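K.L.:
First the structure, which I've put down as structure tokens, then a few questions once you've had a look.
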Amino acid sequence: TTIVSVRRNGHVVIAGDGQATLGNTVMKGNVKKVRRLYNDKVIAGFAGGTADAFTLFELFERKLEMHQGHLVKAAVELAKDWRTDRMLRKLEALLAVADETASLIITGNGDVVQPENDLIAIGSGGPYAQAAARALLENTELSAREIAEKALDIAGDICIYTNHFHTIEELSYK
Amino acid sequence: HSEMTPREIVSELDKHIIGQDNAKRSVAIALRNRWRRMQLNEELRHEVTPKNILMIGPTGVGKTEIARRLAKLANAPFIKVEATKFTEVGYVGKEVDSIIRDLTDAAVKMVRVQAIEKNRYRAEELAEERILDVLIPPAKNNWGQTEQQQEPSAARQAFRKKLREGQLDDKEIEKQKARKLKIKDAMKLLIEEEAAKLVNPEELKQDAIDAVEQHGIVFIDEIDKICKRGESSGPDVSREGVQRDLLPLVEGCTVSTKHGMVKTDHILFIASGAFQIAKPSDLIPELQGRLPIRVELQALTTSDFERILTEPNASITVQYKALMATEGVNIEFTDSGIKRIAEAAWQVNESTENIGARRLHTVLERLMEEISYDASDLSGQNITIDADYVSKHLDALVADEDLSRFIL
Ligand SMILES: Nc1ncnc2c1ncn2[C@@H]1O[C@H](COP(=O)(O)OP(=O)(O)O)[C@@H](O)[C@H]1O
């Protein structure tokens, strides 16, 4: 899979492909890997179980309800339980989350990570996307959305575990 | 507690009692003194004791009324004991400590009821949220905008606006409850449910005590009936016994109440007597000392009677009008009608036994017996009790003496 997040000109995005793989064959080709949270204010993408999601995203929402929209903190408070609670522990995934404030990755390890330029690229196709995103972001005036898109395609072209079905969630603010 | 001046007290007392100005001032000085005490220093606060009063006067002329309104006016615990109630304890009977107990069981039956007043808005505000929580089960962990749990006050505003009478819709809530029920009950089950949490123990029962000790008012009726009379001797020591028994109470002591230890050192005592047989100087020495204030009340006159009928707030006449209104009937008293009701009451009291203003309630009440009954089948009328009506209904009765001893 490949999750790509970018941020340029008061615009942030998260884009993902839709391939789920089992062994050497495709199980499904249209998996929704990018949703929306906290009353459609917070966007997110993810790599993992469809349930792990509908559990880690529900929780994340409540963590925001416990920290007035403040992304980061709810994010910190999130990765917190995710590494402690006996049960929540077995959950496996890689959440990419971003609000108008900032964007960041969360791993079952409990880490909260803010990448160089709010640029995120997780998943087996992650680096190829990063390489292409970085290239574009540094040599062209293209938009955050246009980036993630083009970057995602580049990925799906190189990564045997990434396809060309997309799911993007933008955000405007300025 | 009240910061009312004596003059203001008397004024306030004038709204319920006709005449007896002197007794009013005496009782008014007493109240103000309780205030005067707290404005003093450590020492002087122990030393200064209540100036207990000895009201002297004939039956039903306003003695208890005055003391009852005085108490009521200072939201003070009030008890009225009949002195002879203990004259039979030389054989068996109630101990005088009972007075301080009752003044306590009532100083509680008071602090409690007046906790249902203060806590009558709490259960129907920060407690009606119960039914609204099962009507629209709040967000899974409300967010937080100090106006977010107030935002609904749209969906939420509807369930509350419609909760202005519309109920009988069975639901359930939460030993919390859990049990399934209705609303003519789920709601009322909540009335007391959420209320017993605001009122605590060691402050309520502790305060009833603080009340009695600081604002208690004991009215010892017929204190003159426990004085020495020159007819015998054995019964006298029995009487004087009640005087010695009461002595600790007005001299300063500690009584045991099932709510705590009450100290009588600052309870105000209003003793009362007719003093036709005995004189206040027949009271034992120690008691005369503790009864520094002596005030007489005059017998009521026909004019006092006319005024008592209509002047006081919620006078019997006013009450009657009110009660007949309940039946949709408009009752009205002309000046001469009242002049005659009073006149009648005076007559019976002179021709038979004098019972003071009491007589007015019985005369007034016999006079109205007919309208009181027929009131329901007279709705929408203007009945006028005038001199004529009065005479037709009372004359015969008042005229016949033996009959007056029975019927009036
Ligand atoms: N001066 C008065 N003013 C108003 N009501 C009075 C007066 N005197 C007597 N009454 C009425 O008569 C009844 C007699 O009782 P009370 O007034 O306590 O006097 P007492 O203690 O001398 O018997 C009371 O219910 C009261 O309403």
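Chain labels follow the order of the structure tokens: the first chain is A, the next B, and so on; residue numbering restarts at 1 in every chain, and ligands are counted from 1 in their shown order.
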Quick one: residues within 6 Å of ligand 1, with only C-alpha atoms and all ligand atoms, as a list in words?

P.N.:
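The neighbouring residues of ligand 1 are, in order, residues 16, 17, 18, 19, 20, 59, 60, 61, 62, 63, 64, 65, 308, 357 and 358 of chain B.
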
K.L.:
Skipping near chain neighbours, those fewer than 5 positions away, what residues fall within 6 Å of stretch 87-99 of chain A using only C-alpha atoms, listed as a ChimeraX atom specification?

P.N.:
/A:42-48,52,82,104-107

K.L.:
May I ask which of the residues B:250, B:139, B:331, B:110 is the closest one to chain A, counting only C-alpha atoms?

P.N.:
B:139

K.L.:
List as JSON lines every residue of chain B that is in contact with chain A, defined as an atom at most 7 Å from one of its atoms (using only C-alpha atoms), together with the nearest atom pair and the distance in Å rounded to one decimal, sorted by chain and then rising number.

P.N.:
```
{"residue": "B:141", "atom": "CA", "partner": "A:62", "partner_atom": "CA", "distance": 6.6}
{"residue": "B:142", "atom": "CA", "partner": "A:65", "partner_atom": "CA", "distance": 6.5}
{"residue": "B:143", "atom": "CA", "partner": "A:65", "partner_atom": "CA", "distance": 4.0}
{"residue": "B:144", "atom": "CA", "partner": "A:68", "partner_atom": "CA", "distance": 6.3}
```

K.L.:
Quick check, in Å to one decimal: how far apart do atom CA of residue B:11 and atom CA of residue B:28 lie?

P.N.:
9.7 Å

K.L.:
Let's see if you can do this: from backbone DSSP, list all helix (DSSP H, G or I) residues in chain A, as a VMD selection string.

P.N.:
chain A and resid 50 to 65 71 to 81 86 to 90 126 to 139 144 to 158

K.L.:
Do you know which residues are at most 7 Å from stretch 208-222 of chain B counting only C-alpha atoms, after dropping those on the same chain fewer than 4 positions away, and could you put them as an mmCIF file with N, CA, C and O atoms, in the first residue's frame?

P.N.:
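Saved to out_36.cif:
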```cif
data_model
loop_
_atom_site.group_PDB
_atom_site.id
_atom_site.type_symbol
_atom_site.label_atom_id
_atom_site.label_comp_id
_atom_site.auth_asym_id
_atom_site.auth_seq_id
_atom_site.Cartn_x
_atom_site.Cartn_y
_atom_site.Cartn_z
ATOM 1 N N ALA B 71 -41.690 34.686 67.135
ATOM 2 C CA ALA B 71 -40.878 33.546 66.756
ATOM 3 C C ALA B 71 -40.817 33.452 65.242
ATOM 4 O O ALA B 71 -39.745 33.478 64.644
ATOM 5 N N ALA B 76 -37.345 31.500 64.143
ATOM 6 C CA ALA B 76 -36.767 30.870 65.311
ATOM 7 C C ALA B 76 -37.579 29.650 65.710
ATOM 8 O O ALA B 76 -38.779 29.556 65.435
ATOM 9 N N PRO B 77 -36.922 28.677 66.342
ATOM 10 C CA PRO B 77 -37.654 27.486 66.759
ATOM 11 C C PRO B 77 -38.596 27.906 67.896
ATOM 12 O O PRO B 77 -38.182 28.605 68.824
ATOM 13 N N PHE B 78 -39.855 27.490 67.817
ATOM 14 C CA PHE B 78 -40.837 27.852 68.824
ATOM 15 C C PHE B 78 -41.566 26.659 69.430
ATOM 16 O O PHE B 78 -42.009 25.754 68.723
ATOM 17 N N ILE B 79 -41.704 26.679 70.748
ATOM 18 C CA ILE B 79 -42.400 25.619 71.454
ATOM 19 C C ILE B 79 -43.335 26.240 72.500
ATOM 20 O O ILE B 79 -43.011 27.245 73.130
ATOM 21 N N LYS B 80 -44.513 25.652 72.660
ATOM 22 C CA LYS B 80 -45.471 26.144 73.637
ATOM 23 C C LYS B 80 -45.914 25.016 74.540
ATOM 24 O O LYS B 80 -46.646 24.132 74.120
ATOM 25 N N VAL B 81 -45.476 25.051 75.786
ATOM 26 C CA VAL B 81 -45.845 24.026 76.747
ATOM 27 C C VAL B 81 -46.796 24.581 77.800
ATOM 28 O O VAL B 81 -46.724 25.753 78.144
ATOM 29 N N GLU B 82 -47.707 23.750 78.295
ATOM 30 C CA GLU B 82 -48.640 24.177 79.337
ATOM 31 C C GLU B 82 -48.014 23.731 80.655
ATOM 32 O O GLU B 82 -47.880 22.533 80.913
ATOM 33 N N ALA B 83 -47.631 24.695 81.486
ATOM 34 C CA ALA B 83 -46.970 24.405 82.759
ATOM 35 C C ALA B 83 -47.513 23.267 83.625
ATOM 36 O O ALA B 83 -46.733 22.494 84.163
ATOM 37 N N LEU B 103 -38.511 21.324 71.327
ATOM 38 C CA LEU B 103 -38.048 22.572 70.743
ATOM 39 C C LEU B 103 -36.920 22.211 69.806
ATOM 40 O O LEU B 103 -36.363 23.057 69.106
ATOM 41 N N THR B 104 -36.578 20.932 69.812
ATOM 42 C CA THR B 104 -35.495 20.417 68.997
ATOM 43 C C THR B 104 -36.065 19.565 67.873
ATOM 44 O O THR B 104 -35.666 19.700 66.723
ATOM 45 N N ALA B 107 -37.333 21.965 65.879
ATOM 46 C CA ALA B 107 -36.296 22.847 65.368
ATOM 47 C C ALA B 107 -35.602 22.086 64.251
ATOM 48 O O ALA B 107 -34.694 22.603 63.587
ATOM 49 N N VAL B 108 -36.032 20.837 64.075
ATOM 50 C CA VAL B 108 -35.499 19.953 63.046
ATOM 51 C C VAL B 108 -36.562 19.795 61.965
ATOM 52 O O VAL B 108 -36.282 19.968 60.781
ATOM 53 N N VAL B 111 -35.809 22.809 60.080
ATOM 54 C CA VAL B 111 -34.593 22.913 59.269
ATOM 55 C C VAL B 111 -34.636 21.948 58.078
ATOM 56 O O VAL B 111 -33.979 22.168 57.054
ATOM 57 N N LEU B 204 -26.913 19.629 59.100
ATOM 58 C CA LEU B 204 -28.345 19.854 59.226
ATOM 59 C C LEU B 204 -28.719 19.683 60.691
ATOM 60 O O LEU B 204 -29.108 20.641 61.365
ATOM 61 N N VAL B 262 -27.948 20.066 73.725
ATOM 62 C CA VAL B 262 -28.418 21.452 73.672
ATOM 63 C C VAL B 262 -28.168 22.263 74.951
ATOM 64 O O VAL B 262 -28.395 21.791 76.054
ATOM 65 N N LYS B 263 -27.713 23.497 74.777
ATOM 66 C CA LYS B 263 -27.413 24.399 75.886
ATOM 67 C C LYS B 263 -28.498 25.491 75.942
ATOM 68 O O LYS B 263 -28.622 26.292 75.017
ATOM 69 N N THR B 264 -29.261 25.528 77.033
ATOM 70 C CA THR B 264 -30.357 26.485 77.186
ATOM 71 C C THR B 264 -29.980 27.905 77.617
ATOM 72 O O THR B 264 -30.837 28.786 77.646
ATOM 73 N N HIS B 266 -29.118 30.496 76.350
ATOM 74 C CA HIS B 266 -29.547 31.645 75.559
ATOM 75 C C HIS B 266 -30.908 31.501 74.909
ATOM 76 O O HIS B 266 -31.234 32.224 73.977
ATOM 77 N N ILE B 267 -31.704 30.559 75.395
ATOM 78 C CA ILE B 267 -33.040 30.375 74.855
ATOM 79 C C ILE B 267 -33.906 31.434 75.524
ATOM 80 O O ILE B 267 -33.743 31.724 76.710
ATOM 81 N N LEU B 268 -34.805 32.040 74.763
ATOM 82 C CA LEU B 268 -35.657 33.070 75.327
ATOM 83 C C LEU B 268 -36.934 32.438 75.863
ATOM 84 O O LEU B 268 -37.553 31.584 75.213
ATOM 85 N N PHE B 269 -37.318 32.840 77.067
ATOM 86 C CA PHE B 269 -38.527 32.296 77.647
ATOM 87 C C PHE B 269 -39.607 33.336 77.839
ATOM 88 O O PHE B 269 -39.383 34.405 78.406
ATOM 89 N N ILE B 270 -40.782 33.025 77.331
ATOM 90 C CA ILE B 270 -41.903 33.906 77.511
ATOM 91 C C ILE B 270 -42.886 33.097 78.350
ATOM 92 O O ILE B 270 -43.495 32.152 77.859
ATOM 93 N N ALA B 271 -42.994 33.433 79.631
ATOM 94 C CA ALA B 271 -43.935 32.750 80.515
ATOM 95 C C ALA B 271 -45.270 33.486 80.373
ATOM 96 O O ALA B 271 -45.309 34.599 79.881
ATOM 97 N N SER B 272 -46.364 32.866 80.790
ATOM 98 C CA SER B 272 -47.663 33.515 80.671
ATOM 99 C C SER B 272 -48.618 33.141 81.804
ATOM 100 O O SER B 272 -48.612 32.014 82.283
ATOM 101 N N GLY B 273 -49.430 34.098 82.230
ATOM 102 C CA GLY B 273 -50.384 33.859 83.301
ATOM 103 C C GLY B 273 -51.587 34.813 83.326
ATOM 104 O O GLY B 273 -51.630 35.804 82.601
#
```

K.L.:
Quick one: pull the distance between atom CA of residue B:305 and atom CA of residue B:329, Å, one decimal.

P.N.:
25.6 Å

K.L.:
Can you pull out the residues contacting residue B:372? Cut-off 12 Å, using only C-alpha atoms, and skip same-chain residues under 4 positions away; I want them as a list in words.

P.N.:
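Contacts, in chain order: residues 320, 321, 322, 323, 324, 325, 326, 327, 328, 329, 331, 364, 365, 366, 367, 368, 376, 377, 378, 379 and 383 of chain B.
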
K.L.:
Write out, as a compact mmCIF listing (two decimals), in the first residue's frame, the residues just selected, with N, CA and C atoms.

P.N.:
```
# COMPACT_ATOMS: atom_id res chain seq x y z
N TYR B 320 -62.22 33.69 55.12
CA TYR B 320 -63.54 33.27 54.71
C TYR B 320 -63.82 33.67 53.28
N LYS B 321 -63.58 34.94 52.97
CA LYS B 321 -63.80 35.46 51.62
C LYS B 321 -63.04 34.57 50.65
N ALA B 322 -61.76 34.36 50.96
CA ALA B 322 -60.89 33.52 50.15
C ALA B 322 -61.52 32.15 49.91
N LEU B 323 -61.84 31.45 51.00
CA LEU B 323 -62.44 30.12 50.92
C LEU B 323 -63.73 30.05 50.11
N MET B 324 -64.57 31.09 50.21
CA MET B 324 -65.82 31.10 49.46
C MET B 324 -65.53 31.34 47.97
N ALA B 325 -64.43 32.05 47.70
CA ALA B 325 -64.00 32.33 46.34
C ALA B 325 -63.69 30.98 45.69
N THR B 326 -63.10 30.10 46.48
CA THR B 326 -62.78 28.77 46.01
C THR B 326 -64.01 28.14 45.36
N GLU B 327 -65.17 28.46 45.89
CA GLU B 327 -66.41 27.90 45.40
C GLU B 327 -66.99 28.81 44.32
N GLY B 328 -66.20 29.79 43.91
CA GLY B 328 -66.65 30.72 42.89
C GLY B 328 -67.69 31.68 43.41
N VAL B 329 -67.75 31.86 44.72
CA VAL B 329 -68.72 32.77 45.33
C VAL B 329 -68.04 34.03 45.86
N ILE B 331 -68.12 36.71 48.48
CA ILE B 331 -68.63 37.09 49.79
C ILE B 331 -68.19 38.53 50.10
N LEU B 364 -68.37 33.80 64.16
CA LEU B 364 -68.19 33.96 62.74
C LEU B 364 -68.52 32.66 62.04
N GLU B 365 -67.96 31.56 62.52
CA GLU B 365 -68.19 30.27 61.89
C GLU B 365 -69.63 29.75 61.91
N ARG B 366 -70.40 30.07 62.95
CA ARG B 366 -71.79 29.63 63.02
C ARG B 366 -72.60 30.46 62.04
N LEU B 367 -72.24 31.73 61.95
CA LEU B 367 -72.90 32.68 61.06
C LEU B 367 -72.85 32.25 59.61
N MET B 368 -71.72 31.69 59.20
CA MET B 368 -71.51 31.25 57.83
C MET B 368 -71.87 29.80 57.51
N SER B 376 -71.32 25.78 46.99
CA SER B 376 -71.11 25.09 45.72
C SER B 376 -72.26 25.31 44.74
N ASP B 377 -73.47 25.51 45.25
CA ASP B 377 -74.64 25.72 44.38
C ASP B 377 -75.02 27.18 44.35
N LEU B 378 -74.02 28.05 44.48
CA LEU B 378 -74.25 29.49 44.50
C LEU B 378 -73.18 30.15 43.67
N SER B 379 -72.30 29.34 43.09
CA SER B 379 -71.21 29.84 42.27
C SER B 379 -71.64 31.01 41.38
N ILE B 383 -72.82 37.42 47.41
CA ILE B 383 -73.54 37.37 48.67
C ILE B 383 -72.95 38.43 49.58
```

K.L.:
DSSP on the backbone: what in stretch 112-340 of chain B comes out strand (DSSP E), as a PyMOL selection string?

P.N.:
chain B and resi 217-221+254-257+260-263+268-273+293-296+330-333

K.L.:
With N, CA and C atoms retained, could you export that selection as a short mmCIF file (atom, residue, chain, number, x, y, z; two decimals), in the first residue's frame?

P.N.:
```cif
data_model
loop_
_atom_site.label_atom_id
_atom_site.label_comp_id
_atom_site.auth_asym_id
_atom_site.auth_seq_id
_atom_site.Cartn_x
_atom_site.Cartn_y
_atom_site.Cartn_z
N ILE B 217 -37.24 29.86 71.29
CA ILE B 217 -38.24 30.60 72.03
C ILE B 217 -39.21 29.61 72.67
N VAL B 218 -39.22 29.59 74.00
CA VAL B 218 -40.09 28.71 74.74
C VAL B 218 -41.24 29.50 75.36
N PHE B 219 -42.47 29.09 75.08
CA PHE B 219 -43.60 29.78 75.68
C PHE B 219 -44.22 28.86 76.73
N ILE B 220 -44.03 29.22 77.99
CA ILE B 220 -44.58 28.46 79.11
C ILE B 220 -45.93 29.05 79.52
N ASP B 221 -47.01 28.49 78.98
CA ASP B 221 -48.35 28.95 79.29
C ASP B 221 -48.73 28.59 80.73
N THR B 254 -27.55 21.93 80.45
CA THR B 254 -27.41 21.08 79.29
C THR B 254 -28.42 19.96 79.32
N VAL B 255 -29.19 19.83 78.24
CA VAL B 255 -30.18 18.77 78.10
C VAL B 255 -29.77 17.80 77.00
N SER B 256 -30.18 16.54 77.14
CA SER B 256 -29.85 15.51 76.15
C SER B 256 -30.92 15.26 75.10
N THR B 257 -30.61 15.63 73.86
CA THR B 257 -31.52 15.42 72.74
C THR B 257 -30.91 14.35 71.84
N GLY B 260 -28.29 15.67 69.71
CA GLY B 260 -27.09 16.28 70.26
C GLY B 260 -27.27 16.83 71.66
N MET B 261 -26.31 17.64 72.10
CA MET B 261 -26.34 18.24 73.43
C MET B 261 -26.72 19.73 73.34
N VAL B 262 -27.95 20.07 73.73
CA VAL B 262 -28.42 21.45 73.67
C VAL B 262 -28.17 22.26 74.95
N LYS B 263 -27.71 23.50 74.78
CA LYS B 263 -27.41 24.40 75.89
C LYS B 263 -28.50 25.49 75.94
N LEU B 268 -34.80 32.04 74.76
CA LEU B 268 -35.66 33.07 75.33
C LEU B 268 -36.93 32.44 75.86
N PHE B 269 -37.32 32.84 77.07
CA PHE B 269 -38.53 32.30 77.65
C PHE B 269 -39.61 33.34 77.84
N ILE B 270 -40.78 33.03 77.33
CA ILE B 270 -41.90 33.91 77.51
C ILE B 270 -42.89 33.10 78.35
N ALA B 271 -42.99 33.43 79.63
CA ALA B 271 -43.93 32.75 80.52
C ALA B 271 -45.27 33.49 80.37
N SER B 272 -46.36 32.87 80.79
CA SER B 272 -47.66 33.51 80.67
C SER B 272 -48.62 33.14 81.80
N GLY B 273 -49.43 34.10 82.23
CA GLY B 273 -50.38 33.86 83.30
C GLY B 273 -51.59 34.81 83.33
N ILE B 293 -38.56 40.81 82.75
CA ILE B 293 -39.57 41.60 82.07
C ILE B 293 -41.02 41.19 82.38
N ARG B 294 -41.79 42.15 82.86
CA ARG B 294 -43.19 41.94 83.18
C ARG B 294 -43.96 42.90 82.30
N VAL B 295 -44.98 42.41 81.62
CA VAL B 295 -45.81 43.25 80.76
C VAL B 295 -47.24 42.76 80.85
N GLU B 296 -48.17 43.69 80.94
CA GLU B 296 -49.57 43.33 81.02
C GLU B 296 -50.25 43.51 79.68
N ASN B 330 -68.66 35.18 45.62
CA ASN B 330 -68.11 36.45 46.07
C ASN B 330 -68.80 36.91 47.35
N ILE B 331 -68.12 36.71 48.48
CA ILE B 331 -68.63 37.09 49.79
C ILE B 331 -68.19 38.53 50.10
N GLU B 332 -69.03 39.28 50.80
CA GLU B 332 -68.69 40.66 51.12
C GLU B 332 -69.28 41.09 52.48
N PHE B 333 -68.45 41.69 53.32
CA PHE B 333 -68.90 42.13 54.65
C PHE B 333 -69.02 43.65 54.72
#
```

K.L.:
From the options A:72, A:171, A:6, A:102, which residue's atoms come nearest to residue A:144, counting only C-alpha atoms?

P.N.:
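The closest residue to residue A:144 is A:6.
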
K.L.:
Tell me, as a PyMOL selection string, which residues lie within 8 Å of stretch 193-202 of chain B, counting only C-alpha atoms; anything in the same chain fewer than 4 positions away does not count.

P.N.:
chain B and resi 115+119-120+122-123+127+189+206

K.L.:
Using the selection just defined, write its residues with N, CA and C atoms as an mmCIF file, in the first residue's frame.

P.N.:
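The result, stored in again-v8.cif:
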```cif
data_model
loop_
_atom_site.group_PDB
_atom_site.id
_atom_site.type_symbol
_atom_site.label_atom_id
_atom_site.label_comp_id
_atom_site.auth_asym_id
_atom_site.auth_seq_id
_atom_site.Cartn_x
_atom_site.Cartn_y
_atom_site.Cartn_z
ATOM 1 N N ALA B 115 -35.297 22.852 53.827
ATOM 2 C CA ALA B 115 -34.144 22.337 53.097
ATOM 3 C C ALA B 115 -34.747 21.755 51.810
ATOM 4 N N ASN B 119 -33.814 23.239 48.369
ATOM 5 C CA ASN B 119 -33.556 22.119 47.462
ATOM 6 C C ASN B 119 -34.855 21.643 46.808
ATOM 7 N N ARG B 120 -35.428 22.518 45.989
ATOM 8 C CA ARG B 120 -36.667 22.241 45.274
ATOM 9 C C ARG B 120 -36.414 22.698 43.835
ATOM 10 N N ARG B 122 -32.972 22.506 42.764
ATOM 11 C CA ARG B 122 -31.819 21.665 42.430
ATOM 12 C C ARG B 122 -32.210 20.354 41.743
ATOM 13 N N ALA B 123 -33.312 19.761 42.197
ATOM 14 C CA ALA B 123 -33.804 18.501 41.648
ATOM 15 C C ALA B 123 -34.566 18.718 40.345
ATOM 16 N N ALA B 127 -30.918 18.238 37.960
ATOM 17 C CA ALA B 127 -31.389 16.885 38.240
ATOM 18 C C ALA B 127 -32.457 16.375 37.267
ATOM 19 N N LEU B 189 -39.607 10.211 40.716
ATOM 20 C CA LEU B 189 -38.672 9.312 41.385
ATOM 21 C C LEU B 189 -37.328 10.038 41.432
ATOM 22 N N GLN B 206 -26.848 19.355 63.016
ATOM 23 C CA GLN B 206 -25.928 20.128 63.835
ATOM 24 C C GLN B 206 -26.433 21.555 63.921
#
```

K.L.:
For residue B:404, which residue among B:363, B:247, B:100, B:385 is the nearest when counting only C-alpha atoms?

P.N.:
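So, comparing all the options, the nearest one is B:363.
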
K.L.:
I'd like the contact shell of stretch 339-350 of chain B - 6 Å cut-off, only C-alpha atoms, skipping same-chain residues fewer than 6 positions apart - returned as a list in words.

P.N.:
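The filter keeps residues 305, 306, 359 and 360 of chain B.
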
K.L.:
Take the selection from the previous step and output its residues with N, CA, C and O atoms, as a CSV table (one decimal), in the first residue's frame.

P.N.:
```csv
chain,number,residue,atom,x,y,z
B,305,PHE,N,-62.4,43.9,68.8
B,305,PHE,CA,-63.0,42.8,68.2
B,305,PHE,C,-63.3,43.1,66.7
B,305,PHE,O,-63.1,42.3,65.8
B,306,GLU,N,-63.9,44.3,66.5
B,306,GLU,CA,-64.2,44.7,65.1
B,306,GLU,C,-62.9,44.7,64.2
B,306,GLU,O,-62.9,44.2,63.1
B,359,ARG,N,-64.0,33.6,70.8
B,359,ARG,CA,-65.4,33.7,70.6
B,359,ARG,C,-65.7,34.1,69.1
B,359,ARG,O,-66.8,33.8,68.6
B,360,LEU,N,-64.9,35.0,68.6
B,360,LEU,CA,-65.1,35.5,67.2
B,360,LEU,C,-65.1,34.3,66.2
B,360,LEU,O,-66.0,34.2,65.4
```

K.L.:
What does the structure give for the distance between atom CA of residue A:109 and atom CA of residue A:83, in Å to one decimal?

P.N.:
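These atoms are spaced 6.0 Å apart.
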
K.L.:
Find the spatial neighbours of stretch 115-120 of chain A, counting only C-alpha atoms, within a cut-off of 10 Å - ignore same-chain residues fewer than 3 positions away - and output them as a list in words.

P.N.:
residues 3, 4, 5, 6, 7, 8, 12, 13, 14, 96, 97, 98, 102, 103, 104, 105, 112, 126, 127, 129, 130, 133, 134, 137 and 148 of chain A

K.L.:
Please write the residues from the selection above to a file, keeping N, CA and C atoms, as a compact mmCIF listing (two decimals), in the first residue's frame.

P.N.:
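Okay, this is what ended up in out.txt:
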```
# COMPACT_ATOMS: atom_id res chain seq x y z
N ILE A 3 0.67 5.45 1.39
CA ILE A 3 -0.04 6.62 1.90
C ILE A 3 0.87 7.85 1.71
N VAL A 4 0.35 8.87 1.05
CA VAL A 4 1.13 10.08 0.83
C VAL A 4 0.39 11.31 1.33
N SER A 5 1.06 12.11 2.14
CA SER A 5 0.47 13.35 2.66
C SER A 5 1.38 14.53 2.32
N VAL A 6 0.77 15.62 1.88
CA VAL A 6 1.55 16.78 1.51
C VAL A 6 0.89 18.05 2.04
N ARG A 7 1.63 19.15 2.07
CA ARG A 7 1.08 20.39 2.57
C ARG A 7 1.71 21.58 1.88
N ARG A 8 0.90 22.32 1.13
CA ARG A 8 1.39 23.49 0.42
C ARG A 8 0.27 24.52 0.21
N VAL A 12 -3.67 20.85 2.78
CA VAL A 12 -3.01 19.63 3.23
C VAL A 12 -3.79 18.45 2.67
N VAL A 13 -3.10 17.37 2.33
CA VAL A 13 -3.79 16.20 1.79
C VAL A 13 -3.20 14.88 2.26
N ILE A 14 -3.99 13.83 2.07
CA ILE A 14 -3.59 12.49 2.39
C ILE A 14 -4.18 11.69 1.26
N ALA A 96 -1.76 8.03 9.53
CA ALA A 96 -1.20 9.26 9.02
C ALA A 96 -2.36 10.19 9.33
N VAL A 97 -2.10 11.27 10.05
CA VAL A 97 -3.18 12.17 10.38
C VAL A 97 -2.75 13.62 10.21
N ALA A 98 -3.66 14.46 9.75
CA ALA A 98 -3.33 15.86 9.52
C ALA A 98 -4.52 16.81 9.59
N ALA A 102 -1.21 20.80 11.95
CA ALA A 102 -0.08 20.05 11.42
C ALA A 102 -0.47 18.65 10.99
N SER A 103 0.52 17.86 10.60
CA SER A 103 0.29 16.48 10.18
C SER A 103 1.31 15.58 10.84
N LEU A 104 0.99 14.31 11.01
CA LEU A 104 1.95 13.38 11.62
C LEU A 104 1.56 11.90 11.64
N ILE A 105 2.57 11.06 11.78
CA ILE A 105 2.43 9.61 11.79
C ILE A 105 2.37 9.03 13.21
N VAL A 112 4.95 9.50 17.98
CA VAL A 112 4.19 10.55 17.33
C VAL A 112 5.31 11.18 16.53
N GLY A 126 5.88 3.76 0.25
CA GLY A 126 6.27 5.00 0.89
C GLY A 126 7.43 5.75 0.29
N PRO A 127 8.65 5.18 0.32
CA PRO A 127 9.79 5.90 -0.25
C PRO A 127 9.66 6.31 -1.72
N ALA A 129 7.14 7.18 -3.18
CA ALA A 129 6.26 8.34 -3.19
C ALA A 129 7.02 9.53 -2.67
N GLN A 130 7.77 9.32 -1.60
CA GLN A 130 8.54 10.40 -1.02
C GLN A 130 9.49 10.98 -2.06
N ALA A 133 7.50 12.91 -4.52
CA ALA A 133 6.87 14.07 -3.91
C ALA A 133 7.92 15.13 -3.69
N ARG A 134 9.03 14.72 -3.09
CA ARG A 134 10.12 15.63 -2.82
C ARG A 134 10.56 16.31 -4.11
N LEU A 137 7.82 18.88 -5.15
CA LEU A 137 7.75 19.93 -4.16
C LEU A 137 8.92 20.93 -4.23
N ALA A 148 0.56 14.83 -4.11
CA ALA A 148 0.13 13.55 -3.58
C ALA A 148 -0.38 12.63 -4.68
```

K.L.:
With only C-alpha atoms as the basis for distance, which of B:13, B:46, B:129, B:134 is at the shortest distance from residue B:149?

P.N.:
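For residue B:149, the nearest of the candidates is B:129.
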
K.L.:
Using only C-alpha atoms for the distances, tell me which of A:19, A:25, A:9, A:172 is nearest to residue A:156.

P.N.:
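Nearest candidate to residue A:156 out of A:19, A:25, A:9, A:172: A:19.
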